[PDB]
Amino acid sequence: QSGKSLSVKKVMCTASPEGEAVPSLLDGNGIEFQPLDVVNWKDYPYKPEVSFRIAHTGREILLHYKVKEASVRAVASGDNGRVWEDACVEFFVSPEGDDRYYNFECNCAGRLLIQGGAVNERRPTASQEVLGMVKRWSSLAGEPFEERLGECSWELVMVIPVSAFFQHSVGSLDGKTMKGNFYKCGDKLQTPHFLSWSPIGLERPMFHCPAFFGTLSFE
């Protein structure tokens, strides 16, 4: 019972960091990796080795995922595409303790999907302006590509400004407590799979479940 908990350590930056620079920034501040290895459904037993880490600047959330899996894919031609089908890492979060939440899904090539809203309504997709706010970087960034079979190690970064919570007026992350979860998947990969950070007790693979989110304590 209860979900997991995380301390999101603060990092001191005068300006907004670029995605490529984040791994160095995080190693510089000793930000540790957390395993993302909860296999909630025995139907999909494949557990590719995945870890992540998180920190904040006060104005922005910094995420860094590391993955090692049997295949990768990035067909999605644009942002707000069908990224969950490609090799994809995800971050879901509710920032104000209300029922509205956000899902940031990003494929291994850097294409990103963002939606916002409560479970009981159509959760609209984000605008170009808002997609433009979220800086990204990947080790497999660039052109879209058909599935490549073979063991592949990749990394991905998301710099999520506080303004990207497009349905809220979130000012500063300093000392806030949010609820969220982190996921790995790839619906159209050779071996589809479903992994989470904090556990989920629904009968089958479902990620849009605020009840099962863990706790995120921003320093």
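We number the residues from 1 along the sequence you see.
Once the C-alpha B-factors are averaged per stretch, 46 to 54 and 166 to 174 rank with 166 to 174 first. Relative to its counterpart among 67 to 75 and 91 to 99, 91 to 99 has the higher mean temperature factor, C-alpha atoms as listed in the PDB entry. In the PDB entry, residue 120 places in the highest third of its chain by CA B-factor. Among the modelled residues of its chain, residue 142 has a C-alpha B-factor that falls in the highest third, as given in the PDB entry. When the modelled residues of the chain are ordered by C-alpha B-factor, residue 150 sits in the highest third. Per the deposited record, the Cα B-factor of residue 22 falls in the lowest third when ranked against the other modelled residues of its chain. The PDB entry assigns residue 32 a C-alpha temperature factor belonging to the highest third of its chain's modelled residues.
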